Amino acid sequence: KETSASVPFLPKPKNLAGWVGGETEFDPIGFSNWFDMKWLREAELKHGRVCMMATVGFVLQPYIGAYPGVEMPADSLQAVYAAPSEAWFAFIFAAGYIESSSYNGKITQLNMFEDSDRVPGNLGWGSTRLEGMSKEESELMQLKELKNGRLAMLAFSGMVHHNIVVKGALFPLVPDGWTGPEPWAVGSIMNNXXXXXXXX
Amino acid sequence: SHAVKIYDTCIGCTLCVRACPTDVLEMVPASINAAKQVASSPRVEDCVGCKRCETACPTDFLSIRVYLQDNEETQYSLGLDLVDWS
Amino acid sequence: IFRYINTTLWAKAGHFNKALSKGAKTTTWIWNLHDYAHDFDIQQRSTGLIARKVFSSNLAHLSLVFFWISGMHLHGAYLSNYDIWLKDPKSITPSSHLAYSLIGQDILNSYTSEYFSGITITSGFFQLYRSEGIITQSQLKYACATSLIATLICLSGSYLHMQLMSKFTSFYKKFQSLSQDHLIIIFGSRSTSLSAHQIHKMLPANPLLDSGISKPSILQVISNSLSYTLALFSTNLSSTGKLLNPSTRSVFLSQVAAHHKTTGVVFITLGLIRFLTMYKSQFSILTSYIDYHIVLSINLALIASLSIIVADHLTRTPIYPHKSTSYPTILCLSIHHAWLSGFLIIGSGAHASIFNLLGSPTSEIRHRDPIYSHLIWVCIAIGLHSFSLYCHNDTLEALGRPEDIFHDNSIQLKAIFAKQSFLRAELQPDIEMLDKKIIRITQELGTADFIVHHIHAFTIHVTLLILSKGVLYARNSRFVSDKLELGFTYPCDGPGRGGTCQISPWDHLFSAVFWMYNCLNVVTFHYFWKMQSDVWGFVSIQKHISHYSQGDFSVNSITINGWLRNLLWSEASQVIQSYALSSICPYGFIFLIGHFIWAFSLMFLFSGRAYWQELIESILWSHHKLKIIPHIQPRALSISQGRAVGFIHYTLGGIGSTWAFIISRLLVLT
Amino acid sequence: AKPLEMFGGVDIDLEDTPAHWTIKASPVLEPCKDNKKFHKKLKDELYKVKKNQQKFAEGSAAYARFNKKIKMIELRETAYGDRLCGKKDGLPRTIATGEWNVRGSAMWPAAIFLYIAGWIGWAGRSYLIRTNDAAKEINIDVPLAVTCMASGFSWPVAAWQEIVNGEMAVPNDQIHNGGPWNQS
Amino acid sequence: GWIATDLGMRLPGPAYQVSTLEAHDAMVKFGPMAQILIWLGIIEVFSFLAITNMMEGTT
Ligand code: CLA
Ligand SMILES: CC(=O)O[C@H]1CC(C)(C)C(=C=C/C(C)=C/C=C/C(C)=C/C=C/C=C(C)/C=C/C=C(C)/C=C/[C@@]23O[C@]2(C)C[C@@H](O)CC3(C)C)[C@](C)(O)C1
Ligand SMILES: CC1=C(C/C=C(\C)CCC[C@H](C)CCC[C@H](C)CCCC(C)C)C(=O)c2ccccc2C1=O
Ligand code: SF4
Ligand code: SF4
Ligand code: SF4
C-alpha cells in the first residue's frame, strides 16, 4: 500500500496517473475518485488561465488602465461598477462565445467527455508552439502552465482579500495609518458573547 | 343483500375464500386457469360487505367484485346482533 | 460484545421491521418506516432486544431532557437579564431569549431592562433560579456544565446498555426491586437530599436577599458561612400557607425545606411498610399487568394526573419567590401543565388499548356493555344539562328575560360543596398583595363557577367514554367479532355491515384527542378569564380592587355570547392589534399561523385518500409524459396517516391560537 | 366633464398616445420621493424606532443596534425614492407589465427564478433518467446527483433541443392514459 | 509559548501588550485566534484523514 508523495501519511491517490502533478499526487479529499478527473483537469486549467489573466488585469487596472473615455477607480474591485456597461456586455458576450464554440456545445459535466474525449484542457489554441520538444519538454511546458495557474489562483485570491482588508488600492500595501487588519465587521455568536452584546 | 360476482380472471388463489368472515365464497372446479379452479359466491345472503375478499385478490383488477346495495340491506348483510329480523 | 455495533445498518433504512425489507417500492414505505421507528415490539429479533431498546431509548431521552436543561441554564447565564431581575424582579420582565437582527426580526426584542432587549420568557426559570439560590453567573455556568455532563453520561449509558444487557438480562422484570429502590432512594432519600440543599443554601441565601441585602456582602455572606442565621429564622409561627412571605409573596422556604424533609421521611417509611402491608387484592393486577404497554399506560396516567395537580397547585399555592405577581409566568405554568396532563392521559388510554390487544385483559372487560353504557348515559345527561344551562341563559337573555336565566341575580345554582369547601387554604378573611399586584385572593365561587365546573365534568366524562370504549372494545365487539386479528391500528374492516370506519382503538384515540383538546380548551379559558376577572389585577390604597377584566366573569360567563364577546373578542384586542408592537409582533403572527394550520388540518380531516390517490395519478400522467418517472411510486397518505396528520395539525393550530391569545394579552397587561 | 365624479372617484387617462403605455405615466401612481404618504409612513417608522431607542441606556449595545436599525430605515427610505407608489397609500408598487427598465419591475426576478427553477427541474429529471431504479432514489448516488446538479446550468438549450428532437415528451400510447370509461 | 510570553517575549505590536492570562481573550477579540483556529482546522482535517485511512488499513 503506497502513499502519496505530497502527503506521505495518506494513501496514494489512484486515478491520478501522469498528467502534471504525477510526482506529487495531491488529492486528500479524493475528488478524483469521486468525479471524472478529466473534468477536474479541465476546470483546474480554466481556473488557472482565467486567474493568470485576472492577476494581470487586476494589477494593471490602477496604473495602465483608463481606456479612452472610461472612468478610473483606484480599488480594482470597484472597476466592475466603474466601467461602461457596453464594454462589459461585449466582453461577457465574447467569453460566452468562446466557451460555447470551443466545446462544440457539449458544455456540460455529463456531456463534456462523452463522445469527443479529446484531451483534458486542450483547445487547439496555440498548439503550433508546442510538440516541438519531442513529448518530453512538452510535458514540462504543461507542468509550467499548471504551476503558474495554481500560483495565479492563490495570488488573485490574495489580491482580492488584500483590497478588501485595506479598502483602497492594491500596491500601496500596508498603507499609512493602517495599523493592522481588523476590518471584518460582521457579528457572530462568539463575537456576540465575547463583546457582551447579548446578556446583562 | 349485496352482490358478489366472480369474473373469469380468477386464478384459483383461494385467498378470497379464506379471507371471507361469513363463508360466502367457495372453490369450484373449472378449466380456465392452471389451477383448474375458480371462486364462487353461492351464499352472498351472508355477505356483510367487508370486502376482505377484494383486499386478498391478487389479479390486476379484482376477479371478485362486491357491489354494495344499501337500499337492500338484510339482517345478515348488516350483522345485526341485538335485534332479530326473523 | 461491542464489535456488533456497526454502521452497516445506517444506510439500510427500514432494517428494524421485516415488513419494510422489500424496499421502498412506494411512498407509503417512507411513512411506514417513520411509523414503526419506535415500535420495538413489532421489530425484528427476540424479546431481549425489546428490553434493551426500551431501556436505552429511555436513557437517550433522559440525556435529551438534560441537554434541554443545560440549554436553559446557558441561556440564563449568558443570554439573559437575570442580574437586573435579581436586583428588581417587580420592575423587570424575565428574558433569557434574544432574536437576531435579521429581516427586521429586531422588532421582536422589547424593552425588559435599561440595558437589555429581548423576548419576555414565561417559563418561570428566573423564579426557579432565585428559589435555588442562584445569584452569580458562575453558579449558572456550573449548573449548565453539570447538565451537559449529565447529558454526556446518559448518552453514553444509552449507548452502553444496548450491549451490556443481553438475552439473560432480567433486572427490568424485577418489579419488587424497581418499586423498592425507586420509592426509598429517590422519593425518600433524594427528597431529604433536596431538603438538605435548601436548608444549607436557600435559607442561608433567600432570607439574605429578602433582608434587603441583595448585596449580601457579595460572597462574604452569600457564599454560605452564615451559620449564625438559624434554620427556622423567619417561620413566624403560624401555619404553612396561612401566612405568606410579605417580601417575595410566597411560602417561606424554610417551610418548603421542612416539607421536603418530612416527605422524604414519609416515603422512606412507606418503603419500609411495603415489607408488610395490604395486598392479595391488587394481586390479579400484580400478575396481569407485567408488560411494557400496561406499565407505560399506568405511568402515563399517573404522571398526567400529577401534571394537572401541579397546574392547579402552582398558581394559588405560591411557592416560588416573586412568581405570583408575574402573571404571565403563573398563566403559563398552569396552562402548559394542563395541556400535558390532557395529552399524557390520552396516551395512557392508547397504551391501555395496546396492552389489551397484545396482552390479555382483566375481568372488567366482560361487563363492558353496562360500563360503557352508563358512561354514555352520564355523558348525555351532563351534556344536556351543563351546556344547556348556557343555552337557556343565552336564549332568555336574547329574549329580554334576564330574571329567568341562571345567574347570581336570578335563578342561582349555588356551588354548595365548594362554598362549604373552605377547608382548603382556610386563610384569614382578607387578601394578600405585594406591589400594586394581587398575590392571591380567594375565588368567590358562584353560579358561573358551578356551570363551568359541570362543563369540565361533562367534557372529562366524554373523553373518558371515548378512551374506555376504545380500550374495552379492542379485542372484539358485537359489530366485528375478530378485531383482535385486525391489530391495534387499522383504518376499518370495510364498508360492510353498514360501514366499519374507525372501529380500531387507534381511531378511538384519534377521536379522544379531539375531545381532550376541547375539554381543556374550556379549562384554559375558565382559568384565563376567572383569574383576570376575580383574582389578578391592580389595587387601590383604600383597599379597593381593580382587576384586569373588571369582574366580567360573574356577569358575562353565564351565556355563550358572554364568552364570545368578553373573552374571545374583547380580550383578543391585545393579540389582534399586535403588529409593529415590539414585544407582541410574533404573538400576532403566530395567532394568524395557528388559524391557518387549524384550518389546514380540515383538508386531511374531512377528505378520504381515494380522491387524493386519483389526483396523484392524474399528475403522475404528466410526469410520465416528460419521462420523469419516480420509481418510489407516489401514493396518497394511508387512511390512518391522513387521520393522524389531521389531528396533529388541528391540535397544533388550536393550541398555537390559544397560546398567542393568552400570552400576548398577559404580556401587554403586565 | 370631470371623469372623477362621473365614475365614482376613479379617473381615466382620456388620451391615446403610446407614451402613456408605460406604468410611470399612470395617474394612480407617483414617484415615492415626492409622495406625502411615503414621507409620513417612513417618518413614523423612524419616530417609533427612535422612541424605542431612547428607552434604553445610552452606552448599551441595544442603543448601537437601534442606531444600526435607524440607518437601515433611512437607507430604505432613500433607496425606494425612485420606486413608484400610489398617490394615496405611499407604499411602493411592483411593476408587472414587462417594462424591464423600471424600479421594482418583476421581469428581472421572473427571469432569474425561471432560470434557476428550470435548472432544478432539469437536474432532477436528468438524475431520474440516469437512475432508472427505486434503490437509487432512497440511497442517492451522490456523485451522479451532484454531476447532474452541475450539468443543469445548460437547461434552456438542452431542454429545447430535446423538445424539438423528440426526447422530452412521450406519445400518449406509451403511458397509462387513465381509468377506463367504456367497454361493454 | 507560556514561558516565552511570561518572560516578556512579544510580537512587535501594541495590541499584544497583555498578560499571558488575558492573551487568549484579548487575541480572540483581536482576530488572530480565529485565524489560528482556521489553520489548525485544515491541519486537523488532514490529521483526521490520516486517522481514518490508518484505522481502516488503507495506509
Ligand atoms: C412516555 C411516552 C410515550 C412512549 C414511550 C410512547 C411509545 C410508543 N407509542 Mg405512544 N403516545 C404517547 C406517549 C408515548 N408513546 C402519547 C402521549 C400519545 C397520545 C397522543 C400516544 C399515542 C400513540 C398512538 C396513537 C400510537 C402510539 C404508538 C407508540 C409506539 C410506537 C411509536 C412510534 O414508532 O412512533 C414514531 C414516532 C413518531 C411518528 C413521532 C412523530 C412526531 C409526532 C407524531 C408529531 C409531533 C408534532 C410536534 C409535537 C410539533 C412540531 C412543532 C411544529 C412547530 C413544527 C411506542 C410503543 C403507536 C403504536 O403502534 O404503538 C404500538 C401508535 O399507533 N402512541
Ligand atoms: C496565437 C496563439 O496561439 O496564442 C498563443 C500565445 C502564446 C504566448 C504562445 C501562449 C501563451 C502563453 C500565455 C498567454 C501565458 C500567459 C501567462 C500569464 C499571464 C501568467 C501570469 C501569471 C501570474 C501570476 C503567477 C501572478 C502572481 C501574483 C502574485 C504572486 C501576487 C503576489 C502579491 O504579493 C504581492 C506581490 C503583492 C501583495 O499585494 C499581495 C499579492 C498581490 C498577492 C499560448 C497559450 O500558447 C497561445
Ligand atoms: C391533501 C391530502 C393528501 C395528499 C397529501 C400528501 C401526499 C402529503 C405529502 C406531500 C409532501 C410529501 C409533504 C412534505 C411537506 C410539504 C411539501 C411542505 C411542508 C412545509 C412547508 C411549509 C415548507 C393525502 O394523501 C390524504 C390521505 C388521506 C386523507 C386525507 C389526505 C389529504 O387531505
Ligand atoms: S382471491 Fe381472486 S384470484 Fe384468488 S381465487 Fe379468489 S377470486 Fe380468484
Ligand atoms: S365482502 Fe366480506 S363477507 Fe362478502 S364475500 Fe367478500 S370477504 Fe366475504
Ligand atoms: S370509507 Fe374508508 S374507513 Fe370507511 S369503510 Fe370505506 S375504506 Fe374503511
Side-chain angles (χ1 to χ4, degrees), chain B residues 1-69 72 77, chain C residues 18-29 32 480 482 485-487 490-497 499-501 608-618 620-621 624 629-640, chain D residues 134 172-184:
Chain B
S1 65
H2 298 333
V4 187
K5 293 296 176 58
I6 314 294
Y7 295 87
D8 255 5
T9 62
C10 178
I11 58 173
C13 312
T14 69
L15 297 182
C16 67
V17 169
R18 299 169 185 276
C20 184
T22 49
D23 188 4
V24 172
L25 310 164
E26 69 177 355
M27 281 294 135
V28 309
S31 308
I32 64 176
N33 49 19
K36 301 182 181 182
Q37 52 165 330
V38 297
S40 177
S41 66
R43 298 174 288 274
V44 329
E45 288 189 348
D46 299 357
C47 175
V48 290
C50 56
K51 284 177 176 292
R52 300 182 187 180
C53 52
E54 296 192 5
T55 72
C57 193
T59 50
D60 201 336
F61 199 23
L62 326 168
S63 302
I64 168 170
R65 196 49 163 164
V66 175
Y67 302 96
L68 306 170
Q69 299 172 357
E72 185 71 18
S77 68
Chain C
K18 69 178 305 299
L20 304 169
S21 62
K22 280 184 165 298
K25 296 307 182 63
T26 59
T27 56
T28 306
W29 187 94
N32 298 9
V480 181
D482 55 352
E485 278 71 14
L486 298 172
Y490 45 99
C492 74
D493 197 18
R497 318 180 189 88
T500 66
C501 342
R609 76 167 300 272
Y611 167 88
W612 298 104
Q613 188 59 71
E614 295 177 336
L615 178 58
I616 283 182
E617 295 304 327
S618 299
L620 188 61
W621 178 92
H624 287 2
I629 45 176
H631 274 269
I632 298 186
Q633 297 206 79
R635 302 275 178 266
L637 306 178
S638 55
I639 308 166
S640 299
Chain D
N172 311 20
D173 304 331
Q174 302 176 11
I175 63 183
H176 192 280
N177 49 328
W181 60 91
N182 50 352
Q183 223 292 337
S184 69

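By convention in this document, chain letters (A, B, ...) are assigned in the order of the sequence lines, proteins followed by strands, and residues within each chain are numbered from 1.
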- Is the closest side-chain heavy-atom distance between D:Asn172 and C:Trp621 below 4.5 Å?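 Yes - at least one pair of side-chain heavy atoms lies under 4.5 Å apart.
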
- Message: Taking the side chain as everything from C-beta on, heavy atoms only, tell me whether C:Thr500 gets closer than 4.5 Å to B:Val48.
- Response: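 C:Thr500 vs B:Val48: side chains apart.
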
- Task: Report yes or no: does B:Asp8 contribute a side-chain atom to a donor-acceptor pair with the main-chain N or O of B:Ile32 at less than 3.5 Å?
- Result: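 No; zero donor-acceptor contacts below 3.5 Å.
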
- Query: Would a distance-only check, ignoring hydrogens and angles, find a side-chain to backbone donor-acceptor pair under 3.5 Å from B:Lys51 to B:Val66?
  - Reply: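 Present.
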
Set of salt bridge (charged side-chain N to carboxylate O under 4.0 Å, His left out) partners for [X], sequence neighbours left out:
X: C:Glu617; answer: C:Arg635
X: C:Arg609; answer: none
X: C:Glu614; answer: none

- Mind checking side-chain contact (heavy atoms from CB on, under 4.5 Å) for C:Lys25 and listing every partner two or more places apart, or none if nothing turns up?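 Scan of C:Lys25 (side-chain contact (heavy atoms from CB on, under 4.5 Å), adjacent residues dropped) gives none.
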
- Please list, chain by chain and in numerical order, all residues satisfying side-chain contact (heavy atoms from CB on, under 4.5 Å) with B:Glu72, sequence neighbours excluded.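 With neighbours one apart ignored, the set is B:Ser1, B:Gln69.
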
Using distance only, find each side-chain donor-acceptor pair of residues 34-41 of chain B under 3.5 Å and give its atom names and separation, not counting sequence neighbours.
{"residue": "B:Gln37", "atom": "NE2", "partner": "B:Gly12", "partner atom": "O", "Å": "3.4"}
{"residue": "B:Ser41", "atom": "OG", "partner": "B:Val4", "partner atom": "O", "Å": "2.6"}

- Before giving the answer on side chain to side chain contact (heavy atoms under 4.5 Å, CB included), spell out for B:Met27 and B:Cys13 the whole-Å C-alpha distance, their side-chain angles and the decisive distance to 0.1 Å. CA-CA 9 Å; B:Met27 281 294 135; B:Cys13 312; over 6 Å; no

First locate atom [atom1] of [X], then atom [atom2] of [Y], and finally report the distance between them rounded to the nearest 0.5 Å.
X: C:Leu486; Y: C:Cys492; atom1: CG; atom2: SG; answer: 9.0 Å
X: B:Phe61; Y: B:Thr59; atom1: CZ; atom2: OG1; answer: 9.0 Å
X: B:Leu15; Y: B:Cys53; atom1: CG; atom2: SG; answer: 11.5 Å
X: C:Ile629; Y: D:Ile175; atom1: CD1; atom2: CD1; answer: 11.0 Å
X: C:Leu637; Y: C:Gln613; atom1: CG; atom2: CD; answer: 9.5 Å
X: B:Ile6; Y: B:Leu62; atom1: CD1; atom2: CG; answer: 10.0 Å

Side chain to side chain donor-acceptor pair (under 3.5 Å) partners of [X], counting only residues at least two apart:
X: C:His624; value: none
X: C:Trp612; value: C:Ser607
X: B:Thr9; value: B:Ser63
X: C:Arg497; value: C:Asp493

Only pairs under 3.5 Å count here: list side-chain donor-acceptor contacts from residues 176-184 of chain D, not counting sequence neighbours, and write none if there are none.
{"residue": "D:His176", "atom": "ND1", "partner": "D:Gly178", "partner atom": "N", "Å": "3.1"}

- Which pairs pass side-chain hydrogen bond (donor to acceptor under 3.5 Å, both in side chains) with one or both residues in residues 11-31 of chain B, sequence neighbours excluded?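 The answer is B:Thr14-B:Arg18, B:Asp23-B:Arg43.
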
Any idea which heavy atoms bring [X] and [Y] closest together, and the distance?
X: B:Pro21; Y: B:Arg52; result: CB-NH1, 3.9 Å
X: B:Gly49; Y: B:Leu68; result: O-CD2, 4.2 Å
X: C:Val480; Y: C:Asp482; result: CG1-OD1, 3.2 Å
X: B:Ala56; Y: B:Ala19; result: CB-CB, 4.1 Å
X: B:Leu25; Y: B:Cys16; result: CD1-O, 3.3 Å

